[PDB]
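Colleague: my_file_36.cif (mmCIF, C-alpha atoms and all ligand atoms) pasted underneath:
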```cif
data_my_file
loop_
_atom_site.label_atom_id
_atom_site.label_comp_id
_atom_site.auth_asym_id
_atom_site.auth_seq_id
_atom_site.Cartn_x
_atom_site.Cartn_y
_atom_site.Cartn_z
CA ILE A 1 12.11 49.56 25.67
CA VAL A 2 13.34 53.06 26.53
CA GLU A 3 11.00 55.52 28.27
CA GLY A 4 8.09 53.09 28.37
CA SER A 5 6.13 51.67 31.29
CA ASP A 6 5.32 48.30 32.87
CA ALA A 7 2.75 46.38 30.84
CA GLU A 8 -0.52 45.44 32.47
CA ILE A 9 -1.20 41.76 33.05
CA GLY A 10 -2.50 40.21 29.84
CA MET A 11 -1.96 43.44 27.89
CA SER A 12 0.07 41.73 25.15
CA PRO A 13 -0.90 38.04 25.24
CA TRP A 14 0.73 37.42 21.86
CA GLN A 15 4.15 38.50 23.19
CA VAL A 16 6.75 35.75 22.92
CA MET A 17 10.22 35.53 24.39
CA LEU A 18 12.87 33.75 22.35
CA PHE A 19 15.10 32.10 24.91
CA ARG A 20 18.60 30.67 24.46
CA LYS A 21 18.94 27.19 25.99
CA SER A 22 22.63 27.51 26.90
CA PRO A 23 23.57 29.79 28.32
CA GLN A 24 20.03 30.59 29.45
CA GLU A 25 19.22 34.15 28.39
CA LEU A 26 16.86 36.39 26.43
CA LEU A 27 17.58 36.32 22.72
CA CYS A 28 14.73 38.32 21.26
CA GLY A 29 11.06 39.08 21.23
CA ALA A 30 8.53 37.50 18.90
CA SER A 31 4.77 37.21 18.52
CA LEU A 32 2.17 34.46 18.50
CA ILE A 33 0.10 34.42 15.29
CA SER A 34 -1.65 31.05 15.70
CA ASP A 35 -1.51 28.02 17.96
CA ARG A 36 1.54 26.71 16.07
CA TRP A 37 3.28 29.72 14.49
CA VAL A 38 5.49 32.46 15.91
CA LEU A 39 6.70 35.51 14.01
CA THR A 40 10.04 37.22 14.65
CA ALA A 41 12.87 39.20 13.01
CA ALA A 42 15.29 37.29 10.80
CA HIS A 43 18.25 39.02 12.49
CA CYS A 44 17.27 37.36 15.77
CA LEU A 45 18.21 34.05 14.18
CA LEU A 46 20.70 34.85 11.42
CA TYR A 47 23.24 37.65 11.39
CA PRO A 48 26.62 36.58 10.00
CA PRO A 49 28.45 39.86 10.72
CA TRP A 50 28.08 39.02 14.44
CA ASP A 51 28.53 35.26 13.99
CA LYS A 52 24.87 34.65 14.77
CA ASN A 53 23.27 31.54 13.27
CA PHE A 54 20.84 29.79 15.56
CA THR A 55 19.23 26.44 14.76
CA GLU A 56 15.98 25.00 16.09
CA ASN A 57 17.58 23.07 18.94
CA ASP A 58 19.40 26.14 20.30
CA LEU A 59 16.23 27.94 21.36
CA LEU A 60 12.94 27.80 23.21
CA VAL A 61 9.81 29.91 22.87
CA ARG A 62 8.26 31.20 26.12
CA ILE A 63 4.67 32.41 25.81
CA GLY A 64 2.38 34.09 28.34
CA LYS A 65 5.19 35.86 30.15
CA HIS A 66 5.23 39.07 32.14
CA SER A 67 8.32 38.85 34.36
CA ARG A 68 11.54 38.92 32.32
CA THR A 69 13.58 36.54 34.45
CA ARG A 70 11.17 34.48 36.59
CA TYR A 71 9.82 31.09 35.63
CA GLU A 72 6.12 31.93 35.71
CA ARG A 73 4.74 28.64 36.88
CA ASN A 74 1.14 27.88 35.86
CA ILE A 75 1.11 30.92 33.57
CA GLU A 76 3.81 30.79 30.93
CA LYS A 77 4.14 27.92 28.49
CA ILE A 78 7.43 26.80 26.96
CA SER A 79 7.51 25.40 23.43
CA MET A 80 10.17 23.72 21.32
CA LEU A 81 10.80 24.66 17.69
CA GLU A 82 10.02 22.24 14.88
CA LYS A 83 11.44 24.46 12.15
CA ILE A 84 12.67 27.99 11.38
CA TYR A 85 11.87 29.75 8.10
CA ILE A 86 13.83 32.87 7.21
CA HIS A 87 12.75 35.09 4.33
CA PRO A 88 14.78 33.97 1.29
CA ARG A 89 15.54 37.59 0.37
CA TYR A 90 16.43 38.76 3.87
CA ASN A 91 19.22 41.28 3.28
CA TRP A 92 21.59 40.95 6.25
CA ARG A 93 24.47 42.17 4.07
CA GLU A 94 23.20 45.72 3.57
CA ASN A 95 20.21 47.12 5.43
CA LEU A 96 18.16 44.28 6.99
CA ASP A 97 15.56 44.48 4.19
CA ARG A 98 12.86 41.79 4.68
CA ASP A 99 13.85 41.23 8.31
CA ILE A 100 11.32 38.48 9.00
CA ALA A 101 11.22 34.86 10.08
CA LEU A 102 8.61 32.31 11.07
CA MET A 103 8.98 29.55 13.63
CA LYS A 104 6.73 26.49 13.70
CA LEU A 105 6.21 24.98 17.15
CA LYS A 106 6.57 21.25 17.80
CA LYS A 107 3.15 21.18 19.46
CA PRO A 108 0.17 23.58 19.54
CA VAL A 109 0.13 25.95 22.50
CA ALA A 110 -3.04 26.15 24.59
CA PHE A 111 -4.61 29.61 24.66
CA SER A 112 -5.39 31.17 28.04
CA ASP A 113 -5.98 34.57 29.63
CA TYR A 114 -2.26 35.21 29.08
CA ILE A 115 -1.73 33.51 25.73
CA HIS A 116 -3.63 34.58 22.63
CA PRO A 117 -2.69 35.32 19.01
CA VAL A 118 -2.51 38.73 17.35
CA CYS A 119 -4.07 39.39 13.93
CA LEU A 120 -2.08 39.95 10.78
CA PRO A 121 -3.29 42.89 8.70
CA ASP A 122 -5.15 42.73 5.41
CA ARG A 123 -4.40 45.29 2.69
CA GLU A 124 -7.29 47.53 3.78
CA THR A 125 -6.40 47.62 7.45
CA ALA A 126 -2.76 48.33 6.53
CA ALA A 127 -3.77 51.15 4.20
CA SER A 128 -6.10 52.69 6.78
CA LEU A 129 -3.75 52.51 9.74
CA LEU A 130 -0.16 52.83 8.44
CA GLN A 131 -0.24 56.61 8.26
CA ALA A 132 2.12 59.23 9.61
CA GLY A 133 1.01 60.35 13.05
CA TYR A 134 -1.02 57.22 13.77
CA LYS A 135 0.32 55.51 16.87
CA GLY A 136 1.16 51.92 17.48
CA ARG A 137 2.46 50.06 20.47
CA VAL A 138 5.76 48.25 20.96
CA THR A 139 6.48 45.79 23.76
CA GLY A 140 9.51 43.90 24.99
CA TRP A 141 12.02 42.93 27.66
CA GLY A 142 14.94 44.70 26.03
CA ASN A 143 17.25 47.34 27.44
CA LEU A 144 15.78 50.31 29.30
CA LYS A 145 18.65 52.48 28.03
CA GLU A 146 21.05 52.42 25.08
CA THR A 147 23.96 51.66 27.42
CA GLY A 155 19.55 48.54 32.69
CA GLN A 156 17.13 45.65 32.18
CA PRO A 157 13.46 45.52 33.20
CA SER A 158 11.80 43.36 35.84
CA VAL A 159 8.67 42.97 33.69
CA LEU A 160 7.48 43.44 30.11
CA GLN A 161 7.63 47.07 28.98
CA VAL A 162 5.31 48.96 26.65
CA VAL A 163 5.46 52.22 24.73
CA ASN A 164 3.14 53.92 22.25
CA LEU A 165 4.88 55.62 19.31
CA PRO A 166 3.68 57.52 16.22
CA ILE A 167 4.45 56.37 12.70
CA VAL A 168 6.79 58.84 10.98
CA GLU A 169 6.58 60.30 7.46
CA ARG A 170 8.82 58.38 5.06
CA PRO A 171 10.96 61.40 4.03
CA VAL A 172 11.74 62.09 7.71
CA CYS A 173 12.65 58.43 8.21
CA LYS A 174 14.96 58.54 5.21
CA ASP A 175 16.58 61.83 6.24
CA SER A 176 17.43 60.44 9.70
CA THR A 177 19.92 57.83 8.47
CA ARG A 178 22.58 57.03 5.90
CA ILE A 179 21.08 53.54 5.45
CA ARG A 180 19.02 52.84 2.33
CA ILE A 181 15.44 52.48 3.55
CA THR A 182 13.02 50.26 1.62
CA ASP A 183 9.26 49.86 1.24
CA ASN A 184 9.52 46.80 3.51
CA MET A 185 10.36 49.05 6.46
CA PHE A 186 8.62 51.86 8.26
CA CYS A 187 9.79 54.03 11.13
CA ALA A 188 8.20 55.33 14.31
CA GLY A 189 9.01 57.58 17.23
CA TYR A 190 8.69 61.17 18.37
CA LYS A 191 10.48 64.08 16.73
CA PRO A 192 12.85 66.23 18.81
CA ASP A 193 10.36 69.11 18.80
CA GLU A 194 7.47 66.92 19.97
CA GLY A 195 8.87 66.54 23.49
CA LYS A 196 7.65 63.03 24.36
CA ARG A 197 10.08 60.18 23.70
CA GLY A 198 10.48 56.40 23.73
CA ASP A 199 11.89 53.70 21.50
CA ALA A 200 12.58 50.01 21.24
CA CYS A 201 16.11 48.85 22.03
CA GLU A 202 18.50 45.90 22.01
CA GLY A 203 16.60 42.81 23.18
CA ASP A 204 13.25 44.09 21.90
CA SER A 205 14.25 42.83 18.42
CA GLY A 206 11.64 40.62 16.85
CA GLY A 207 8.80 41.86 19.00
CA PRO A 208 5.56 43.29 17.65
CA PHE A 209 4.47 46.83 16.72
CA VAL A 210 0.69 46.59 17.05
CA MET A 211 -2.27 48.86 16.33
CA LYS A 212 -5.85 48.50 17.54
CA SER A 213 -8.25 48.79 14.62
CA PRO A 214 -11.02 51.34 15.32
CA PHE A 215 -13.16 49.47 12.76
CA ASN A 216 -13.35 46.08 14.50
CA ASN A 217 -11.58 46.62 17.86
CA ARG A 218 -8.97 43.97 17.11
CA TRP A 219 -5.22 44.25 17.54
CA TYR A 220 -3.13 43.89 14.39
CA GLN A 221 0.61 43.40 14.11
CA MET A 222 1.81 45.99 11.62
CA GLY A 223 5.53 45.80 12.35
CA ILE A 224 8.42 43.81 13.77
CA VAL A 225 11.14 45.54 15.79
CA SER A 226 14.08 45.50 13.37
CA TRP A 227 16.79 48.14 13.76
CA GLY A 228 17.73 51.60 15.00
CA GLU A 229 20.79 53.77 15.46
CA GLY A 230 21.25 53.60 19.20
CA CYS A 231 18.05 53.84 21.24
CA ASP A 232 15.83 56.87 21.89
CA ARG A 233 18.29 59.32 20.35
CA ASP A 234 16.97 62.71 19.31
CA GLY A 235 16.52 62.78 15.55
CA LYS A 236 16.72 59.00 15.19
CA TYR A 237 13.75 56.68 14.76
CA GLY A 238 13.07 53.03 15.26
CA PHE A 239 12.70 50.91 12.12
CA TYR A 240 10.17 48.12 11.80
CA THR A 241 9.62 45.34 9.28
CA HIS A 242 6.43 46.12 7.30
CA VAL A 243 4.40 42.99 8.01
CA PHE A 244 1.70 43.52 5.39
CA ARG A 245 4.27 43.96 2.61
CA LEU A 246 5.67 40.53 3.44
CA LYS A 247 2.35 38.79 4.11
CA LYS A 248 2.36 36.85 0.82
CA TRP A 249 5.53 35.15 1.98
CA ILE A 250 4.02 34.47 5.42
CA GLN A 251 0.95 32.87 3.85
CA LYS A 252 3.06 30.83 1.43
CA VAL A 253 5.11 29.34 4.28
CA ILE A 254 2.08 28.58 6.43
CA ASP A 255 0.17 27.10 3.46
CA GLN A 256 3.07 24.85 2.43
CA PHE A 257 4.30 23.75 5.85
CA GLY A 258 1.23 24.21 8.03
CA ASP B 3 19.81 36.43 36.34
CA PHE B 4 17.30 34.00 34.82
CA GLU B 5 15.47 31.49 37.00
CA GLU B 6 16.13 27.90 35.92
CA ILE B 7 13.31 26.41 33.87
CA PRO B 8 11.99 22.87 34.41
CA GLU B 9 14.49 20.29 33.13
CA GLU B 10 11.82 18.75 30.90
CA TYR B 11 12.10 21.65 28.46
CA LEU B 12 15.86 21.60 28.10
CA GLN B 13 18.11 19.78 25.64
CA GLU C 6 -7.65 32.88 14.13
CA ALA C 7 -11.30 33.92 14.14
CA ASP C 8 -10.70 35.34 17.61
CA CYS C 9 -7.29 36.81 16.86
CA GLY C 10 -6.44 40.18 18.35
CA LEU C 11 -9.11 40.14 21.06
CA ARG C 12 -7.46 39.94 24.48
CA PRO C 13 -9.10 37.73 27.12
CA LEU C 14 -8.45 40.26 29.90
CA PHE C 15 -9.44 43.31 27.88
CA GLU C 16 -11.59 43.20 24.74
CA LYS C 17 -13.23 39.91 25.67
CA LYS C 18 -14.51 41.42 28.93
CA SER C 19 -14.97 45.00 27.61
CA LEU C 20 -12.18 46.46 29.74
CA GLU C 21 -9.75 49.01 28.34
CA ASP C 22 -6.06 49.12 29.13
CA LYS C 23 -4.52 52.30 30.52
CA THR C 24 -3.20 53.73 27.24
CA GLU C 25 -5.11 52.27 24.31
CA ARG C 26 -7.14 55.47 24.11
CA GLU C 27 -3.90 57.28 23.12
CA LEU C 28 -3.83 55.08 20.02
CA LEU C 29 -7.48 55.64 19.15
CA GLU C 30 -7.08 59.41 19.51
CA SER C 31 -4.28 59.38 16.93
CA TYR C 32 -6.44 57.66 14.32
CA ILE C 33 -7.82 60.91 12.99
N1 LIG D 1 24.86 51.54 9.75
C1 LIG D 1 24.15 52.53 10.08
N2 LIG D 1 24.63 53.76 9.92
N3 LIG D 1 22.94 52.35 10.60
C2 LIG D 1 22.28 51.07 10.81
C3 LIG D 1 22.61 50.65 12.25
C4 LIG D 1 21.86 49.35 12.57
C5 LIG D 1 22.17 48.75 13.94
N4 LIG D 1 22.21 49.79 14.95
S1 LIG D 1 22.79 49.57 16.45
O1 LIG D 1 22.96 50.88 17.00
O2 LIG D 1 24.01 48.80 16.41
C6 LIG D 1 21.60 48.81 17.36
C7 LIG D 1 21.94 48.71 18.84
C8 LIG D 1 22.77 47.70 19.31
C9 LIG D 1 23.07 47.61 20.66
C10 LIG D 1 22.54 48.53 21.56
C11 LIG D 1 21.71 49.54 21.10
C12 LIG D 1 21.40 49.63 19.74
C13 LIG D 1 21.09 47.75 14.25
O3 LIG D 1 20.04 48.15 14.76
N5 LIG D 1 21.28 46.47 13.96
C14 LIG D 1 22.47 45.85 13.34
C15 LIG D 1 22.04 44.43 13.04
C16 LIG D 1 20.86 44.12 13.95
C17 LIG D 1 20.24 45.48 14.26
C18 LIG D 1 19.90 45.54 15.72
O4 LIG D 1 20.78 45.65 16.56
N6 LIG D 1 18.61 45.52 16.05
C19 LIG D 1 18.10 45.59 17.41
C20 LIG D 1 17.45 46.94 17.59
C21 LIG D 1 18.16 47.99 18.14
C22 LIG D 1 17.59 49.24 18.31
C23 LIG D 1 16.28 49.46 17.91
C24 LIG D 1 15.64 50.81 18.07
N7 LIG D 1 14.44 50.97 17.73
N8 LIG D 1 16.34 51.84 18.55
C25 LIG D 1 15.57 48.42 17.35
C26 LIG D 1 16.14 47.16 17.19
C1 LIG D 2 23.77 28.52 9.25
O1 LIG D 2 23.36 27.28 9.77
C2 LIG D 2 22.84 26.39 8.69
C3 LIG D 2 22.50 25.09 9.25
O2 LIG D 2 23.43 24.50 10.11
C4 LIG D 2 23.85 26.23 7.59
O3 LIG D 2 23.40 25.32 6.59
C5 LIG D 2 24.20 27.51 7.03
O4 LIG D 2 25.15 27.33 5.98
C6 LIG D 2 24.75 28.37 8.09
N1 LIG D 2 25.16 29.68 7.60
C7 LIG D 2 24.25 30.66 6.94
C8 LIG D 2 22.81 30.39 6.72
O5 LIG D 2 24.71 31.72 6.58
NA NA D 3 19.25 59.46 4.28
NA NA D 4 14.36 59.44 18.62
#
```
Go through the file and emit its structure as structure tokens.
Ligand SMILES: N=C(N)NCCC[C@@H](NS(=O)(=O)Cc1ccccc1)C(=O)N1CCC[C@H]1C(=O)NCc1ccc(C(=N)N)cc1
Ligand SMILES: *[C@@H]1O[C@H](CO)[C@@H](O)[C@H](O)[C@H]1NC(C)=O
Ligand code: NA
Ligand code: NA

Modeller:
Amino acid sequence: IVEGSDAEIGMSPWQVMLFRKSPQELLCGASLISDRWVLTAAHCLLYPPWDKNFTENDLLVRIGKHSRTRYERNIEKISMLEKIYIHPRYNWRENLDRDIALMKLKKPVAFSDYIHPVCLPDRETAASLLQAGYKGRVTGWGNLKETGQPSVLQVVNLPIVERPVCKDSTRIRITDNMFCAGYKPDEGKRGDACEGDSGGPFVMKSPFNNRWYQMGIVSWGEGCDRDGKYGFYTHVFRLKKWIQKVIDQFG
Amino acid sequence: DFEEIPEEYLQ
Amino acid sequence: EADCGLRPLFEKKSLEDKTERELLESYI
């Protein structure tokens, strides 16, 4: 996260770290959506242009974390993966369309003050909240700058950007399964997700029921926090039918 | 720079 | 979950975090 701040304790209790077993290192962010299911970006697991193809046994999920590097004894919980499900129409060839994956845990994780699931949006909440200018929040342990790394989880609030501005910021073909967020050059304030924040949640707090909803997944961006560029996020509601289908069939 | 995690979780 | 999206250290105890108001203020 570039130009963010340290998270408060328990501020993002659905935040998950995807951790490589060997060598031991941060792979990506992710989010807890139930006691057994974790949501992330497909490109965290499968990206052939960079020879990335992780299987279940390569990774661990670490939940309840605040410190990036410490083993947070008596606070974090570490889970093994039973199975990975990548969207069947994930477009890694072109533009990362449908950049979404689910991971089923081997065993249910116990909820605590530091571990708690985020809500997935319904159509109405998505319609109400996914509007240009409305702000969401992104969290992660990724790079502090485009080209170092944070001691603890970082957070930044960013406004959703109008689709034509998103499109005009890039040569990539944008789809309805993506949205973008960030400040414009004229707006002064800045901030963005970065490498390592991939897969983490873009959340919004509903003013109707005071619950946090995951509207996006950190997906891609041209550099980090560049003027005139924006961060792109997987549109969670647009892919919710797939999410439900996987959970219904395999849960 | 990562602290080793308990061996029980590794494979 | 029925209790999804309500944080034990915040919503569940009616405490606000330091910047959530920034979000609310944008929901015009
Ligand atoms: N081709 C054109 N013209 N545009 C699309 C570029 C997509 C690509 N951009 S990139 O600059 O390589 C991303 C990056 C990599 C390393 C360090 C910093 C930033 C990118 O983001 N990719 C390529 C495949 C995976 C994904 C990724 O790295 N995602 C992580 C990520 C990086 C930055 C952001 C952000 N919001 N700035 C978000 C996610
Ligand atoms: C990735 O790994 C799986 C399982 O080992 C394999 O079947 C697949 O062909 C590999 N390559 C992909 C998905 O592009
Ligand atoms: Na364009
Ligand atoms: Na920018």

Colleague: Please identify every residue of chain A that has at least one atom no more than 7 Å from any atom of chain B, counting only C-alpha atoms, and report them as a PyMOL selection string.

Modeller: chain A and resi 21+24-25+69-71

Colleague: Compute the set of protein, DNA and RNA residues whose minimum atom distance to ligand LIG 1 (chain D) is at most 6 Å, using all atoms listed in the file, and state it as a PyMOL selection string.

Modeller: chain A and resi 43+146+178-179+199-202+205+225-231+238-239

Colleague: Distance cut-off 8 Å, counting all atoms listed in the file - which residues of chain A neighbour chain C? Return them as a ChimeraX atom specification.

Modeller: /A:8,10-13,33-34,112-114,116-119,129,133-136,164,211-212,214,217-220

Colleague: In Å to one decimal, how far is atom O5 of ligand LIG 2 (chain D) from CA of residue 46 in chain A?

Modeller: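 Going from CA of residue 46 in chain A over to atom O5 of ligand LIG 2 (chain D) covers 7.0 Å.
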
Colleague: Could the residues that lie within 10 Å of ligand NA 3 (chain D), counting only C-alpha atoms and all ligand atoms, be listed as a PyMOL selection string?

Modeller: chain A and resi 171-181

Colleague: Counting only C-alpha atoms and all ligand atoms, which protein, DNA or RNA residues come within 12 Å of ligand LIG 2 (chain D), given as a PyMOL selection string?

Modeller: chain A and resi 42-43+45-58+83-88+90-93

Colleague: Dump the neighbourhood of ligand NA 4 (chain D) as a PyMOL selection string: all residues within 9 Å, distances computed on all atoms listed in the file.

Modeller: chain A and resi 188-192+197-199+231-238

Colleague: Pull C-alpha atoms from the residues just selected and write them as a short mmCIF file (atom, residue, chain, number, x, y, z; two decimals), in the frame of the given file.

Modeller:
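Ended up saving to out10.cif:
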```
data_model
loop_
_atom_site.label_atom_id
_atom_site.label_comp_id
_atom_site.auth_asym_id
_atom_site.auth_seq_id
_atom_site.Cartn_x
_atom_site.Cartn_y
_atom_site.Cartn_z
CA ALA A 188 8.20 55.33 14.31
CA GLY A 189 9.01 57.58 17.23
CA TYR A 190 8.69 61.17 18.37
CA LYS A 191 10.48 64.08 16.73
CA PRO A 192 12.85 66.23 18.81
CA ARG A 197 10.08 60.18 23.70
CA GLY A 198 10.48 56.40 23.73
CA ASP A 199 11.89 53.70 21.50
CA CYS A 231 18.05 53.84 21.24
CA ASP A 232 15.83 56.87 21.89
CA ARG A 233 18.29 59.32 20.35
CA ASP A 234 16.97 62.71 19.31
CA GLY A 235 16.52 62.78 15.55
CA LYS A 236 16.72 59.00 15.19
CA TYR A 237 13.75 56.68 14.76
CA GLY A 238 13.07 53.03 15.26
#
```

Colleague: What does the structure give for the distance between CA of residue 77 in chain A and CA of residue 224 in chain A, in Å to one decimal?

Modeller: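 Interatomic distance, CA of residue 77 in chain A to CA of residue 224 in chain A: 22.1 Å.
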
Colleague: May I ask which of the residues A:37, A:78, A:208, A:97 is the closest one to residue 255 in chain A, counting all atoms listed in the file?

Modeller: A:37

Colleague: Could you state the separation of CA of residue 138 in chain A and CA of residue 15 in chain A in Å, given to one decimal place?

Modeller: 10.1 Å

Colleague: Write out as an MDAnalysis selection string which residues come within 7 Å of residue 38 in chain A when counting all atoms listed in the file, dropping same-chain ones fewer than 5 positions away.

Modeller: chainID A and resid 30:33 102:104
